[PDB]
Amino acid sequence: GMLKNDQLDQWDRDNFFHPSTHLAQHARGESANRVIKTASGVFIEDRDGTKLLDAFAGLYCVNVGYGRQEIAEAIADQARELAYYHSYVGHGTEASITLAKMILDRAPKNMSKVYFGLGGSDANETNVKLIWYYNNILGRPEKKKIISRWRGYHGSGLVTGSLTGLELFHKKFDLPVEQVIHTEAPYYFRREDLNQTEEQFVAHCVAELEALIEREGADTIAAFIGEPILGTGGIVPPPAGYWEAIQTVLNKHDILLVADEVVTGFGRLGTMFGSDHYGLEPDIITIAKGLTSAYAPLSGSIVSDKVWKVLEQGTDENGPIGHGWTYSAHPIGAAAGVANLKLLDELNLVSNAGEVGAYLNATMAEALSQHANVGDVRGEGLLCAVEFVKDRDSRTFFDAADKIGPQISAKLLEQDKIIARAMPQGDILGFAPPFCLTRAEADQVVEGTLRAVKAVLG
């Protein structure tokens, strides 16, 4: 009852260090906490019984939807039979072996093997470690730098937070580390020179990349990491012709491409892989989130035949790979993943992401694009964002201190019980809903946002 609910809140404030939280305010009871109880479809429900339409799918991850007992039961069955054994020295479970095979059946054809982690950050950590091993095995001790992009999101660790190009993950943490260098954000709407057509901006990004390579020396650069479409950096589709232009430079200079598909992996764009959707030829692919639809933690580093051949050479020369996580290939994550991928196909949800996603984008644009303070409405599949500007013709942004994005998001939740995220480093309202979203539910997200935008900005 009330007394247990108040005790939980107190235990929470007194003992629980939450991610991405104002720690002093939470511990002091100045900021609100919230306890989620259950969920179903595109809705979550707190312990007081309040039902919220989650247009963010947790954190771009509850892709099949909430309350899928097919997955809950797949987890229960594994938990009963064998919750855990390690996967060191060729050990495995039927679940992990089966999941490995299913990932590679769905991954781009140049892919060879998948190594299992627990989250997207550790998968990118693994990716860099393997890139350094790779260059070492090939006799290129100098070819180690990693090129990332401003506004990229690749994790929250020390090396992975350096790959990330958002100051929230850098300031006060001494990042980025020296081995990571950043190039231009693939964000046409924020381009320095407003006179550039989209093709001119792509040309500019090419020149910026060439200038960085020229300065650092190509023989010192191992890899380029990019999300096919930016997620946390603002739900930003890449410009037309961008990925073709960028890969031409990477090939010329013998720089590996890492496609960070943590958000786009397993259907969000309406195509199983964003690499395939946007036309990337990666040598390494990062996966997590939509692998298990967050039902159980699990990640992946998919490696191409090219990389795998060198890894085989390295192990022939040096013995067993010196890399392992205790919980690599954890049977519950694998069981969750096998159930999730089957459900994704069974419920035809990739197709739904593309259709209702095209519909959410079209109707959101039509209802908001002509607002005086809406600079842009953009997206692809079930990814959509609305960016706010103080003046459109000049592209004057509100002052950051005015918290326009955070206010609009808070208004959408308080007025309409819809969860949409105020993205960092801008006034951007983002949407990443479960793939089971219906047009009726999309209509409600659009109508609620328009009301939240009018309530804050008129």
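Numbers follow the displayed sequence, beginning with 1.
Once the C-alpha B-factors are averaged per stretch, 110-118 and 196-204 rank with 196-204 first.
Stretches compared: 366-374, 230-238. Higher mean C-alpha B-factor in the entry: 366-374. Set against one another, the Cα B-factors of 94, 125, 260, 355 in the record reach their highest point at 355. Within the group 266, 388, 295, 133, the record's highest C-alpha temperature factor is found at 388. The entry lists a Cα temperature factor for residue 251 that places it in the highest third of the chain's modelled residues. The deposited CA B-factor of residue 219 belongs to the highest third of values across its chain. Residue 168: CA B factor lies in the lowest third for its chain, per the PDB record. Residue 415 sits in the highest third of its chain by CA B factor, as recorded in the PDB entry. Sorting the modelled residues of the chain by their CA temperature factor places residue 18 in the lowest third.
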